[PDB]
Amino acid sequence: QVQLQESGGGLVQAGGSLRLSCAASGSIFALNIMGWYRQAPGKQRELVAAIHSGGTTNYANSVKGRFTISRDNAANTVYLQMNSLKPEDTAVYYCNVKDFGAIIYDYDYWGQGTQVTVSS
């Protein structure tokens, strides 16, 4: 029963920079993976950039070196830095929270999704 507030998306020229942001309103277990996924026009939902509650991060092989994920102090807010954007980065970005509350498995919390269009 928690919410995910996404913000930052919009139209952007080729090579321009954009900053995504996801705020987690509610009670989440201390051990979690907060990240971003995306859906390209006509392609499956791909993982963009996830960060662990223990600081460590993880990126896709097509965004590594261009994208960089970080998070806030205790507000559970994640900021995704997107530099040198490309026309193939045009997709639907979803904010996501992997909660290990039940230890055995993981509860996924999703966002409403934000549109990101890169001018080819």
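For every residue, the number given is its place in the sequence shown, counted from 1.
Once the C-alpha B-factors are averaged per stretch, 55 to 63 and 71 to 79 rank with 71 to 79 first. Sort the modelled residues of the chain by CA B factor and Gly9 lands in the middle third. Among the modelled residues of its chain, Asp99 has a C-alpha B-factor that falls in the lowest third, as given in the PDB entry. In this PDB entry, the Cα temperature factor of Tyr107 sits in the top third of its chain's modelled residues, the highest group.
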